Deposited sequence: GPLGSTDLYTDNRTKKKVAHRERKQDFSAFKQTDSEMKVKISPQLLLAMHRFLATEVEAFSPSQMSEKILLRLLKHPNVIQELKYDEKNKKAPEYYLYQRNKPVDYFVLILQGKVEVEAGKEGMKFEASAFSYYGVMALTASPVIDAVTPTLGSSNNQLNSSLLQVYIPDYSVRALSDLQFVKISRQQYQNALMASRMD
């Protein structure tokens, strides 16, 4: 996935200033930029009007454990929030699932992040995808530089 340097700067500046998880206090800007340039962190998704309700077009499903964070860069998504599944539209720079990253910790149970919402693609999507593991590694890397 090839993106322009301008777009990379915009998403970098937004996360570093708006999302505390990526604040310079938690994560150095040098590491953050490397994390964004990491392969498959930035992804795209081709939309199919025929298969609109396909599983490949659901970034999040309510009551389905997930372990990654998303930042929409381009495109439209439908969001189903709450018990009644209140639908509304979200576009660029709407993010989801930060708690999957920043949540603090064989025969044990597992702490998971379960979204109280669903996110479905309405059109072609370009977005960021950062897993808890990628984020925790980014903290350790920035925790020593």
Non-modelled portions of the deposited polymer sequence, in sequence order: 1-38, 144-159
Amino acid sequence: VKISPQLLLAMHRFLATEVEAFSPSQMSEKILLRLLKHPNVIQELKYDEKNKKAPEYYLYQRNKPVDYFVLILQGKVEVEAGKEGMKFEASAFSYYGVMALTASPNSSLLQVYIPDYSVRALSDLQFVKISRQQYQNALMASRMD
From here on, numbers count along this sequence of modelled residues.
Given 40-48 and 63-71, the range whose Cα B-factors average higher in the PDB entry: 40-48
Of 87-95 and 51-59, the stretch whose C-alpha atoms average the higher B-factor in the entry: 51-59
Looking at the C-alpha B-factor values in the deposited entry, which of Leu110, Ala103, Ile31, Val77 comes out highest? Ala103
Comparing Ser123 with the other modelled residues of its chain, is its CA B-factor in the lowest, middle or highest third? highest
Relative to the other modelled residues in the chain, which third contains the C-alpha temperature factor of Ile3: lowest, middle or highest? highest
